[PDB]
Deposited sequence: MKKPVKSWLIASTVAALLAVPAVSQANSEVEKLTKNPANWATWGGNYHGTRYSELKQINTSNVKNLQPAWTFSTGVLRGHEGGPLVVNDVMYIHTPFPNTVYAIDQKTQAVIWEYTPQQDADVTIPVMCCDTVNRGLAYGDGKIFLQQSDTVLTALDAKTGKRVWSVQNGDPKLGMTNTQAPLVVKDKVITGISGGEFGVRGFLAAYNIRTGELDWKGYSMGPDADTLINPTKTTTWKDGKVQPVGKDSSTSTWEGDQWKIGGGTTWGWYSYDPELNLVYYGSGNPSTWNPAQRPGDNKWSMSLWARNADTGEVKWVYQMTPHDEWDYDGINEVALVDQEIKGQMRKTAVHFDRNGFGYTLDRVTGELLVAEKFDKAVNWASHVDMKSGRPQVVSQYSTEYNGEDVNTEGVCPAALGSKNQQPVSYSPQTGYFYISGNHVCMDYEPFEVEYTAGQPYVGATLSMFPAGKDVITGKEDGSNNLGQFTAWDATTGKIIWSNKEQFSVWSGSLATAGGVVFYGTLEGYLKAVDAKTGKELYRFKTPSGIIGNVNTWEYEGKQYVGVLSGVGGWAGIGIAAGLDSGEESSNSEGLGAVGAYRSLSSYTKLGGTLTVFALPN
């Protein structure tokens, strides 16, 4: 959408979930910098009036602040002059049908803006367009069916004249899709499934490519169903509950697909394509430009849905248009975002042990049999797999600084025992089939050696041109918030104890901290109002001893330098 694109070029706004379409969560604002961020203070606060996890972050457009909540997903438009609500919208949702099928708290990743409207993807899968000035509903469409186990937790994305939204339900046998709705009417324009025949997936057998035998090659016929046994793909997962990015020059939307449904791999032989994959789709038609499967035949629920950040960077002496993705499976991937060529794939937490490496010719991770839950078998405990199913990074999106050339990862440092067992599908019921327990990785993030630690989180700086950790800071709990990098040389993020922290973008040294009321699982965003830069974050623990550090919450804290 060229209007949204124009809005994102004004640093005073934060007009999409990721600040810009490329998803780098980097702000050119530099009023707050390494010299003065120690002088930051809370400026004002706002309770959302709702409890449970507060993911996502504020969306600021032309001085109006828009904030969202977990179920029932009330939306507020806030006037920064009076710090009062301009309008609010609370959808009517059936709690008894929607809550039981939410796998991982009642969270909502946030809003989109476009064509004078705010777009809210509701938990019950109703996608609703609101007038941005009045908050009155313009249109809405039921994007899924919670009676089949479908929910929505992710943020929509405005792209050209469409609103892009996905689906959740990889633990309920939902077949994942990405859908595009007309921005003005809500009519469905295209729908791209993650698996099934080409008319469903919008894969072109001679034009859609993948990485194979060391080169970009057409995907061929029956690329998906030939990797599934029989009809298992009809309930086969690959859901789409992560973040979406967009390259306007290429007109490509990028995203990841989740786990292949049941957590018992022996029950579903085959690569299970295209679960656990990265995708580039034509924004106008949905046609897949390229797809890359990171985790064939998943055995651990390492959902491939984490964001795909788009950056131009030098690799082997040449400027490349890349896509960078820090997967649940603990590998940080760099691809050519035009062709889908695989460039870099290295572990961003050296505790990771389920695979030795990613084979660069075949593109497939080489599974280490001791940590294979299928190898050890049904009803046998696989012990000490790293990472835990919740991954080395979960939903919390990364930031990128062009000043340093580093990505900043809000990381998990958690391993697990995992025991699969055979399960049967019933629509509306869970379709899992594994028993897990988790514990601290207990190994150094950089060397991989046992270290006597018990930290559950890492905050890690990563060079995606070589695939190397630059520095990493231990955090006592997993880091579940989306960071922010700025032209002031600082990186912001939130902790589960509720601290908003600022660190030096180059070195990782801490420069500021403040205890907000509840653990932060949202995104730290920044904007400018009447010439002053503000930094905003939601607090409210949820998603996924911590309970002695934080209780449930739901507040916004806005920080600024004092006057």
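Residues 1 to 26, 571 to 598 of the deposited sequence have no C-alpha coordinates in the structure.
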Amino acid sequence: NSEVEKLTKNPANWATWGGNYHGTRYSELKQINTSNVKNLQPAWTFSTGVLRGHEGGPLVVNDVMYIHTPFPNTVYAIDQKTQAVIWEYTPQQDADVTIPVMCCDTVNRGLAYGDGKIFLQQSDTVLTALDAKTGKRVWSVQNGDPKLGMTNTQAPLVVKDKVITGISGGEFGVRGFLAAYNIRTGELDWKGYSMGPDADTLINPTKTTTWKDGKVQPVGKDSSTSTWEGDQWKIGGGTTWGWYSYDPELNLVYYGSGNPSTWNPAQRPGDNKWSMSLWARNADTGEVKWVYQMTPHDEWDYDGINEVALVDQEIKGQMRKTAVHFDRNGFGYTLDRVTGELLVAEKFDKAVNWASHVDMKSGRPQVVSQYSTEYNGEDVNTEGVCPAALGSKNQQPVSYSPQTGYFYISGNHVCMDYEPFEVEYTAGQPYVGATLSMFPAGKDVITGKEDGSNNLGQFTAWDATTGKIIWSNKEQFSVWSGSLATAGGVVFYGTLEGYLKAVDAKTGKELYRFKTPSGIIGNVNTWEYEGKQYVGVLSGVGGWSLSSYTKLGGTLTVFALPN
From here on, numbers count along this sequence of modelled residues.
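When the two stretches 17 to 25 and 546 to 554 are set side by side, the higher mean Cα temperature factor goes to 546 to 554. Here 85 to 93 and 332 to 340 are compared by their mean Cα B-factor, and 85 to 93 comes out higher.
Within the listed group 472, 154, 426, 395, the record reports its top CA B-factor for 426. Note on 467, 256, 365, 433: the highest value goes to 433, judged by CA B factor as recorded.
Ranked within its chain, residue 421 lands in the highest third, by CA B factor from the PDB record. In the deposited entry, the Cα temperature factor of residue 222 places it in the highest third of its chain's modelled residues.
Per-chain ranking of the deposited C-alpha B factor places residue 383 in the highest third. For residue 517, the recorded CA B-factor ranks within the lowest third of the chain. Only modelled residues enter the ranking.
Sort the modelled residues of the chain by CA B factor and residue 530 lands in the highest third.
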